[PDB]
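Residue numbers (the authors' numbering), protein chains in the order written: chain C, 2 to 555; chain B, 2 to 555; chain A, 2 to 555. Beta carbons are placed, not taken as given, at the ideal position from N, Cα and C, and that holds for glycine.
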Amino acid sequence: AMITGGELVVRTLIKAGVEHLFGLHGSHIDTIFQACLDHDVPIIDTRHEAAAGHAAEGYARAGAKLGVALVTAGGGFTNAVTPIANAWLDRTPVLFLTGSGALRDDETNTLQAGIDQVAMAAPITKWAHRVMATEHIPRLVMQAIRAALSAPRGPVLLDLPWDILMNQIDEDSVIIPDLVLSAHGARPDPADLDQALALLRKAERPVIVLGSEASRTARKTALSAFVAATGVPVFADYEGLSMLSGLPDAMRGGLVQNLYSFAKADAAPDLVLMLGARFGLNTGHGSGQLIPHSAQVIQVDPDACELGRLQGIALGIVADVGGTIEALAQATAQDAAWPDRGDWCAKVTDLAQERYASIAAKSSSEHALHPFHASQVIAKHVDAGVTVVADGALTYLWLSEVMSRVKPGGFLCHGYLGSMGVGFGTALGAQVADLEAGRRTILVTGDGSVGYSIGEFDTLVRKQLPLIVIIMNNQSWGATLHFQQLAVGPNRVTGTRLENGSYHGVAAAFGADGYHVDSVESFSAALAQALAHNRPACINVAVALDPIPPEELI
Amino acid sequence: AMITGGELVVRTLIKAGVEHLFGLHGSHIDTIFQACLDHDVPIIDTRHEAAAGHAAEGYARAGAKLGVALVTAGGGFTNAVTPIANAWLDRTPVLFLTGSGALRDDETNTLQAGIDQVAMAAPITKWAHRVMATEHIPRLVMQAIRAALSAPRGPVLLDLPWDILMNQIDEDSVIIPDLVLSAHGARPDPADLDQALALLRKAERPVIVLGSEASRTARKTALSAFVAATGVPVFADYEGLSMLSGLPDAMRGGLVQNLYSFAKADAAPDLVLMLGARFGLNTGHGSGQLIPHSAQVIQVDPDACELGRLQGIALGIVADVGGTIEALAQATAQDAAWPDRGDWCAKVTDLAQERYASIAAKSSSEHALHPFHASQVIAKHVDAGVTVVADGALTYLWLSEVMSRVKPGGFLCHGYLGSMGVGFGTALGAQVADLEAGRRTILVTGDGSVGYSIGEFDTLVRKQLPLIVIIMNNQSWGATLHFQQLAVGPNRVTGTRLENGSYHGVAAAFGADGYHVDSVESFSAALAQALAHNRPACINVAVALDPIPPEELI
Amino acid sequence: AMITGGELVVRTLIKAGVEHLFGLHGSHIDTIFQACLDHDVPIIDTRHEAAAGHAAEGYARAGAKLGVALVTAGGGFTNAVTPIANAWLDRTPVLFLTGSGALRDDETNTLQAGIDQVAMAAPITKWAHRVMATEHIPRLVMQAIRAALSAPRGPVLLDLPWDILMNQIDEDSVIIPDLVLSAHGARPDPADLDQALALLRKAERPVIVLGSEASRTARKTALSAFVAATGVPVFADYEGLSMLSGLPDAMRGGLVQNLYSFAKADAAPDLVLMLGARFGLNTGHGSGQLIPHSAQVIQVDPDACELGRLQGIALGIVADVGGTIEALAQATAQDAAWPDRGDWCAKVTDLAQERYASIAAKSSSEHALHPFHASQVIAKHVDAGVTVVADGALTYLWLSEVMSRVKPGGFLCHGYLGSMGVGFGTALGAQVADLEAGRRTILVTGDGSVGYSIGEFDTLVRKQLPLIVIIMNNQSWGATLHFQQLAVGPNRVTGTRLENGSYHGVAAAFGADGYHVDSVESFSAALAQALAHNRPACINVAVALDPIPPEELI
Ligand SMILES: Cc1ncc(C[n+]2csc(CCOP(=O)(O)OP(=O)(O)O)c2C)c(N)n1
Ligand SMILES: Cc1ncc(C[n+]2csc(CCOP(=O)(O)OP(=O)(O)O)c2C)c(N)n1
Ligand SMILES: Cc1ncc(C[n+]2csc(CCOP(=O)(O)OP(=O)(O)O)c2C)c(N)n1
Ligand SMILES: [Mg+2]
Ligand SMILES: [Mg+2]
Ligand SMILES: [Mg+2]
């Protein structure tokens, strides 16, 4: 009859439909550990709260569902800050449950109390709030969850004082509410939908560009019905990429990064339909080399701030990307008489094919194994059954170069935050999600980036998570080392040389299979063996440093 | 050639379609003032920055558009804080432009530099930001507008460093963007709309409650259509009242407070459609006193946090209220199978009118003018051409008891901030935008409340503003004095008596028409008089302090 | 045995030895009004929270002590923000007690509850905190007072949830701490002090300048002794001026502002002892206009950031300004051989006098009363027995030129916030402090500035506070009309016309003495009268607007 506040937290999460938590133990949050123990709710405990946070993100991104991070007071929270800020810029839905000092003995210079965690999380969350009463728990947890899931998606900080968590209340007294929130999003007004549809019908070279908000709602089947009736090519930023994985092969434009050299071939797009993709790092900023200044733009985004923020656009809609896609598939259904778009699809296909073949031709692997070739080795293993997690600068923009012509189940790369090393936690969490859906996760990170959360090879072994960490090891902080040469001068490389350490040796110590390879065939075989067993694996890949990825030259 | 920084602000402001500004001069923001002079943009300078801010609220609330406040650095910003906070809770679209310390001479103990205005506004604005370059002025102003205008509506702070406002850049060299925002709001997915309408037709005692967002979109025409086909009674909070004035009297429940008396007749609502109406102060929180616990709630709100925050709901939709009404009215043109809804309208009408007569039965005027009698002198004077601004606690609680059966063009009362003294600023700015149409504005304020921004008669006189101020005088801070008596005891009154000044004299010293009143007819002559004229009118009214409103009880 | 939290607040305030509170009533803080009324502790209830806030500062500033401000939740707090912001920059000790939403019913959209008040006050307070338990009140109240009273003095916000105040505890169980905090500030290291005196002895034309922190510790006899033994000329800024009032007039250098000419009189100070004076708006900024580069500087300040913030200095001491003056006095009391500065002092006295008369010779009042003439009339009513509070920009820039070489009991003015209208609240609270002091308070304010808190005439009459409200009336915003001519064009003035309202009529309408005067004959008669009458009085003074006050030369 008497239950702890920590019980209420878990019961509300049970009701909300959560089946996994990612975290690190603390006395302050043990009531939640105890309650999860009782209801068989697995907490995937890590070796760093940053890894736990990133794992909640990874789980959310690869699962298209809610992520839950569980951290303790003080350092527990501060260690989760990078995942918080990363989820913020990436529009990913994570509930960050955090402990704090007890309200009784507030301002007593005590263990793990003393820092305004709500004030700290404020600038980088949709909502950050501290619970003031134990009976408020179910309603406030449910409130926090609604905030995170609705467009635009984002992180929420729920601060649960040790006080409030240890408190015992009569269970029959406080009501645990249901998650009452519509799964379908808000659609555009039929007038703007009639307009956007009209504007794209009379169009010589139209393109769709998908963003993160497309993957959250993940309304794939509707995207098919819409793309089939209209026959319009679809591009995406890294986060939208996997949404193209189910499109008929002809209208798969790939990553928006290659809407770039459309300038030399007349191919400057006529009308661009942006669906949750923002103006910034991912779409060539305002520099307009990706989204051409002379194109008419139709932008759909949950936040009006994003509506033509860097370039003057034509039609500015504010609705949910998911509902918007649904509204487009619904209208496009009976309107089944659409213009001839055979030879714009071929152009988009052929221009991306060009840039690809062009780089393959300039890629030599004599004396040193080329990053491009090691990228093609992973690429040959990429279908809907595989999630790919990208980390590590030079690593990921070489990886980006092969990623457009395969159909990944998921693809989790860096957002605007671009925090080197977020990939390990992300991939761990993604592997937990992919286990339910019968899929495999592969992290592709740099030698420098992996050392951020290298202790997570332990967690992979302890929890038996079959993640294959692939390390592009060019003995350095790659992209930065290039900046020191290309931007400063040839012999001005300081603090970027990382010429020490056997990474497979580290993985071997934590009990995970370590491979160090240095050639195409050996790496190809190592990866094949890694996939072949259901066990965590490190593949230390000795790779070339000197070559320059095309993205860097821009 | 060269144009100033503030010169850019004003140009970007007119392309937005705004026609007025409310402010106070600062030598930090004269750059705006001068650019405004030669575009014939009227800056209505008040006598207190607080007043200007509330006037920006009024303007935006009265004419359902965007309001603009324009304050000087340091002290100018901090004086606008209450307006900003009020706007935040009331969900009203206002663009607060503030000057600040020049980036040159930053951190130098300078004149009006050295305070973090953005940090101060961030907890109470949808967006708070400081412009770093002069060329950024247009894209960020237009951005701030987009933020202020989308659902849910709310205030935005744009900090313009005096530095940035003075720097001249080539007039051709930076584009001045159009405001591209769909105006038509996003609407619920049809499946939810079906779920809603199916439950609505199933209901035996259905009800609709309107909140601020209905008034911000002001789709009176679509609402009427929807209300007609279905024949469901409609209620509202103070902010959603204007939106009942254009509907058939048969389906007009009035203010939500009237839903209180219903449980005493086994006539408690069966199902309630909350359109932008939040669970909180105005809807009786989660007590189940207005919105019954046994009733099945459908809630439509732009903020997912609001979806069942204090009470379990049956269906929760995140979509724009204005778009939702549009959809509900549209789904209506093909239904044509709705119940008579006449005998429930009978019940709703009977209960409302019954409550009204019940107060008239209790109210005596034999020794002092009953606030309710004095309130009626205003009621038979209220139509679609009057805008009523309510301030003062005891004043507005009594004044509401009549407002349900009359129908104003504008009704602006307190929100959650409950800030006594906002009424004058709100009223002043309501007169503009009542000058915009042909409507005339009446303010009904308490004797203590008016002292807050009493120096605004100087503005009313200077700027030829026909506003009538009805000072409800009970010689005290009424409701607070009632608190002291009812909550602690009869002889426990302190700091709540106000038995001194001649307010109607005060206004006359500023050169405005000042009146007096003892009883019912005494006031009619003063009211019909000053209303017959077309200029600033200050009326004083001696009124009984003793009587407790029905809203006070409970 | 059972007492409320509000009672705990009051008993703690009493034990700290506070005698007055300044505020505006709300039901959220009534428990504090009830306790105060029980212990005979006056709450000066005003007509605006800003006036209550400012009165708390004025009390603190005029009486060299703590000022306590009492405001209610929501609107009450937001209205006190400008005072908080002002006390911040002016380094004035004010405890701001605010009510807020109850902790039970957090996040309920309830009345006056939903603004993060601590987050708002955070940028502009030494400390801002929200009480979480009723038992914590005494220790937290006392903690706040320590924070405010210690160098550098500043404002503090204690947020007191309605919940926590209404709550009842066994009075026997909670202890009420003493205010144990030393009255003596920390003095410099002897090696630092000796090298300061080693420089002062071995220097040719040395000068002392005082700041805010010098009035906060208000050490007259120690400073008096130090200046007697050393014979060094002493200046000060606006807040420091009142400390010169007790020195030998041969040392009284007046306002450091007079120090411009030393640059072009060849006698620029060869050494400057900055005692709390800050490198900013008060002291020629960073440029050597008031503080020459050629001068070697010894600076004392509680804040190390201030130590040569914008200039190079020879010695930087973090210590209490009052404690230092004591170390200066004590050590210098043995040194019986301080070099004579009679020659240097004579030069200084005669340069301040040369400045004075050169202003006096012109400025003829042959048509209108040159504000200099209006200021000199006030001057012959100024001595140790009078506190002069000052407002209005164009107003004060004349008054400063006459204040130098007449000795006020207190001289309160604008700090770095420079907010117009702060003067009324300030004088209202100062008068309270001056009434126990036996002094008389005169407020000299501009015509626009007075409109801010014009209802406070009701306060002056209700509370019977015989403040004299002088209005220097030039029917305009003066300095901001000035700027519009001088920096734009003589025909480019908009939004500064205040040619309206007999300000003296409104004050008379609130039941105080009302006078309008124009010439020295009419004026010094209205003044002489309003003085002899021990009652609140308003002296409206029609004045020339055209004349430039000399402090503007660049
Ligand atoms: C957390 C973090 N630290 C530092 C940086 C700056 N940075 C950008 S690229 C880069 C080099 C990454 O090198 P590596 O992980 O080895 O991958 P590589 O480029 O060699 O393929 C660094 C340190 C960053 N973006 N994030
Ligand atoms: C800014 C602000 N200050 C104080 C309060 C507390 N308060 C609530 S009601 C009230 C009385 C208002 O009196 P008046 O304006 O004369 O109207 P009346 O109640 O007498 O009709 C006060 C001071 C508040 N709600 N907001
Ligand atoms: C809150 C605020 N509003 C406006 C200003 C800008 N300002 C500087 S001087 C000035 C003139 C005010 O002087 P006034 O009260 O009219 O008396 P005067 O200077 O003419 O003698 C104004 C409005 C400010 N600093 N702070
Ligand atoms: Mg590397
Ligand atoms: Mg009243
Ligand atoms: Mg003036």
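Query                                                                                                                                                                                      : Result
The alpha helix (DSSP H) spanning A/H483 covers which residue range?                                                                                                                       : 479-487
Identify each residue in the segment 94-127 of chain C for which the Cβ-Cβ distance to at least one residue of chain A is less than 7 Å, and report them in chain order.                   : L104, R105, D107, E108, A120
Give me the Cα-Cα distance between C/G102 and A/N168, rounded to the nearest whole angstrom.                                                                                               : 22 Å
Residue range of the beta strand (DSSP E) that C/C539 falls in?                                                                                                                            : 538-543
Starting from the beta carbon of C/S295, find every residue of chain B whose beta carbon is closer than 9 Å, and list them in chain order.                                                 : Within chain B, no residue comes near C/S295; the closest Cβ sits about 13 Å away, beyond 9 Å.
Using the C-alpha atoms, what's the distance from A/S295 back to A/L22?                                                                                                                    : 48 Å
Between C/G255 and the rest of its own chain, which residues show a CB-CB distance below 6 Å, the 5 nearest in sequence each way excluded?                                                 : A353, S405
Quick one: does B/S420 have its CB under 8 Å from some CB of chain A?                                                                                                                      : yes
In the segment 449-476 of chain A, which residues sit with their C-beta less than 7 Å from some C-beta in chain B, listed in chain order?                                                  : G452, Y453, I455, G456, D459, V462, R463
Let me see if you follow: with CB-CB separation under 8 Å, is A/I170 close to chain B or not?                                                                                              : no
Suppose contacts are defined by Cβ-Cβ distances below 8 Å. Is A/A86 in contact with B/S28 by that definition?                                                                              : no
Let me know the secondary structure DSSP gives A/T5 once reduced to three states.                                                                                                          : strand
Measuring straight from C-alpha to C-alpha, what distance separates residue 1 of chain A and A/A52?                                                                                        : Not covered by the structure: residue 1 of chain A. The range shown for chain A is 2 to 555.
Identify, in the order they occur along the chain, each residue of the same chain with its Cβ nearer than 7 Å to the Cβ of B/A61, setting aside the five sequence neighbours on each side. : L67, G68, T93, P94, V95
For chain A, find out if any of its Cβ atoms is closer than 8 Å to the Cβ of C/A269; answer yes or no.                                                                                     : no
Closer than 7 Å by beta-carbon distance: list the chain A residues that pair up with C/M133, in chain order.                                                                               : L104, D107
Is any heavy atom in ligand 6 found nearer than 7 Å to the beta carbon of A/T396?                                                                                                          : yes
Measure from the C-beta of A/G317 to each C-beta in chain B and report whether the shortest distance is under 8 Å.                                                                         : no
Cβ of B/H26 within 7 Å of any heavy atom in ligand 3?                                                                                                                                      : yes
What does DSSP give as the partner residue(s) for A/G68 in the beta ladder?                                                                                                                : A/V95
So within the segment 249-317 of chain B, which uninterrupted beta strand (DSSP E) runs reach at least 3 residues, ignoring any that extend past its ends?                                 : 253-256, 272-276, 297-302
Distance, Cα to Cα, B/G449 vs B/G506?                                                                                                                                                      : 15 Å
Give the residues of chain A in contact with B/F484, contact being defined as C-beta atoms less than 8 Å apart.                                                                            : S28, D31
To which residues does DSSP link B/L413 through a beta bridge?                                                                                                                             : B/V390
Do B/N110 and A/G281 have their C-beta atoms within less than 8 Å of each other?                                                                                                           : yes
Is any heavy atom in ligand 1 found nearer than 7 Å to the beta carbon of residue 1 of chain A?                                                                                            : Any property of residue 1 of chain A remains undetermined from this structure, which presents chain A solely from 2 to 555.
Quick check: what's the CA-CA separation for B/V208 versus B/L291?                                                                                                                         : 11 Å
What does the Cβ neighbour count give for A/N259, buried or exposed, with the cut at 16 atoms within 10 Å?                                                                                 : buried
Name the DSSP beta bridge partners of B/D171, please?                                                                                                                                      : B/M3
Hey, quick one: how far does the alpha helix (DSSP H) through A/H130 stretch, first residue to last?                                                                                       : From DSSP, A/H130 is part of no alpha helix (DSSP H) but of the beta strand (DSSP E) over 128-131.
Say whether chain C places a C-beta atom closer than 8 Å to the C-beta of A/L141.                                                                                                          : yes
Classify A/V494: buried if its beta carbon has 16 or more other beta carbons within 10 angstroms, exposed otherwise.                                                                       : buried
For C/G424, verify whether its CB is less than 7 Å away from any heavy atom of ligand 1.                                                                                                   : no
Counting along the chain, where does the alpha helix (DSSP H) carrying C/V82 start and finish?                                                                                             : 82-90
Kindly examine ligand 2 and report whether one of its heavy atoms sits closer than 7 Å to the Cβ of B/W478.                                                                                : yes
Quick one: is A/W339 near chain B, going by C-beta distance under 8 Å?                                                                                                                     : no
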